[PDB]
Amino acid sequence: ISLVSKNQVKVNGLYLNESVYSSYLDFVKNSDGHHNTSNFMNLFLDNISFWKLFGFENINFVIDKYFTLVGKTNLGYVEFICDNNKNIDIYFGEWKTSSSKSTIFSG
């Protein structure tokens with residue numbers, strides 16, 4: 001986290017284990033095609049209630065160019081990143097089954 005002003009608080013990066021990542025995946029799937037914009041992450045942060053961490057509710061978290069989100073599945077880890085036009089897509093992800101290994105390697 002990073003602090004900017006009285007109301008604006010900069011969000012840098014998030015790391016999520018299995019249960020919080022599964023809740024995040026359910027929130028992603030339940031959205032009506034709103035899984036791309038960076039304003040979606042403000043809705044997920046309001047769903048997870050970081051204002052309970054910060055005490056008072058009137059805080060607008062800002063998402064900036066290099067925001068990241070490293071989830072974790074049962075088999076491996078998937079990390080996301082924001083880009084120059086404020087959109088979130090996968091950066092890297094690698095879940096390793098006992099017989100086969102999968103990567104994505106965005107690029």
# chains A, B, ... in the order shown; residues from 1 in each chain; ligands from 1

$ residues_around --residues "residue 81 (chain A)" --least-positions-apart "4" --cutoff "9 Å" --atoms "only C-alpha atoms" --output "PyMOL selection string"
chain A and resi 65-70+87-91

$ select_by_dssp --residues "region 2-106 of chain A" --states "helix (DSSP H, G or I)" --output "VMD selection string"
chain A and resid 18 to 30 39 to 48

$ closest_residue --among "A:104, A:96, A:82, A:76" --to "residue 18 (chain A)" --atoms "only C-alpha atoms"
A:76

$ closest_residue --among "A:5, A:24, A:79, A:11" --to "residue 61 (chain A)" --atoms "only C-alpha atoms"
A:11

$ closest_residue --among "A:99, A:7, A:60, A:30" --to "residue 42 (chain A)" --atoms "only C-alpha atoms"
A:60

$ atom_distance --atom1 "CA of residue 15 (chain A)" --atom2 "CA of residue 72 (chain A)"
8.1 Å

$ residues_around --residues "residue 74 (chain A)" --least-positions-apart "4" --cutoff "10 Å" --atoms "only C-alpha atoms" --output "ChimeraX atom specification"
/A:17-19,21-22,95-97
